[PDB]
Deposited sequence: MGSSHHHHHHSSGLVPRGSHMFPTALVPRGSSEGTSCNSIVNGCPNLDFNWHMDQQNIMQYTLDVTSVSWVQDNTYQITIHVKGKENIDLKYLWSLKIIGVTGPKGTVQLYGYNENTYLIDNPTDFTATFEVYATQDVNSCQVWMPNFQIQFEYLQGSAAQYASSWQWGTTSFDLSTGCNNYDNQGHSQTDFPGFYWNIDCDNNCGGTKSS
């Protein structure tokens, strides 16, 4: 059968609709300032794919990269929180939760669903913002504290274009993003 479209589970299966243009909504804000002020190592986030499922639900993939490589042994837990979607929390790593879905907390991807409803214009909607909660050097990972050299060990990194100071420093750590409604690439 066809594999042009990514298939999704359906209330059954359905054809995903891939969005062609995934736009950083605020690439001229300074995001680094907000991590630097908290002594958090800089990270970046990109949205690398968006597929419309149905309704206003999209399956998105993110890619998160730290400035320096931090070995997995330092990590205790990693989760996406505050998600506007089917699941409000997406566990990525945690011994307590038997979850091992990444192998490098400084270079990882994650795929999850969001409800994207706030219009940019008549064709495009914003990603709803979320946070990524990192806990290093807790539990069993505390034993590696003597070689830790990357600053603050437990922190949340947030997305968005809607929170910045009067000098263009973001109060978020990562940009917000937008894409076409229903991933209809012919809108407009």
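Residues of the deposited sequence missing from the coordinate set occupy positions 1, 13-29, 207-211.
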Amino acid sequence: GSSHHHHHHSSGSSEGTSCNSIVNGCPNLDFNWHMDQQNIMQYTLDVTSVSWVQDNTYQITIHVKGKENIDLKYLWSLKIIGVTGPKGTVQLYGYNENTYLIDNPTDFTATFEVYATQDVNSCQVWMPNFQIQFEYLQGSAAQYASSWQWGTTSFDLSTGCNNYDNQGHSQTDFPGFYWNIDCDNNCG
From here on, numbers count along this sequence of modelled residues.
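Between 93-101 and 114-122, it is 93-101 that carries the larger average Cα temperature factor according to the deposited entry. The mean Cα B-factor in the deposited entry runs higher for 134-142 than for the other of 57-65 and 134-142. The entry assigns its greatest Cα B factor, within the set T48, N129, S147, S51, to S147.
Per the deposited record, the Cα B-factor of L75 falls in the highest third when ranked against the other modelled residues of its chain. Ranked by C-alpha B-factor against the other modelled residues of its chain, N24 falls in the middle third. When the modelled residues of the chain are ordered by C-alpha B-factor, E15 sits in the lowest third. Among all modelled residues in its chain, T44 ranks in the middle third by Cα B-factor. Among the modelled residues of its chain, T172 has a C-alpha B-factor that falls in the middle third, as given in the PDB entry.
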